[PDB]
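Values quoted throughout were computed directly from the atomic coordinates according to the rules given, and no laboratory measurement underlies them. Positions of Cβ are backbone-derived with ideal geometry, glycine not excepted, and every protein chain shown enters the neighbour counts.
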Amino acid sequence: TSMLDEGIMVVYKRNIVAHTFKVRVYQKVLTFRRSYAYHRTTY
Amino acid sequence: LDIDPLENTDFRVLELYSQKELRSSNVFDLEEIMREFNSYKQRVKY
């Protein structure tokens, strides 16, 4: 007593590259130096 | 009996996600934070 579909395949990832976008940051920088004064040698 | 022999197949090294695509995936990138830190650490000119 003697005695399989075929096709075309496209595979896809889950994508992991996190989304970039630029951001504008507005801010001010106040700096306070302080000094002493005697003769000609500022401390 | 005519049995065809089994063909040798060369398995390839399969790369799903690229290396440049792997670190590309983190919201926090330590390399560019530490760098961003020393970039800040050099803000004083007289």
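What to note about this one:
- Any hit, segment A:3-16, residues being aliphatic (A, V, I, L, M), surrounded by fewer than 10 Cβ atoms within 10 Å (Cβ to Cβ) and closer than 20 Å to residue B:44 by Cβ: no
- Members of segment B:1-43 found to be within 14 Å of chain A (Cβ to nearest Cβ), touching a helix residue (DSSP H, G or I) at 6+ places or on another chain (Cβ under 9 Å) and not in a loop (DSSP other than H, G, I, E, B), listed by number: B:23
- When we screen B:29, B:10 for residues that are on the phi < 0 side of the Ramachandran plot and touching a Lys or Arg at 6+ places or on another chain (Cβ under 8 Å), the only hit is B:29.
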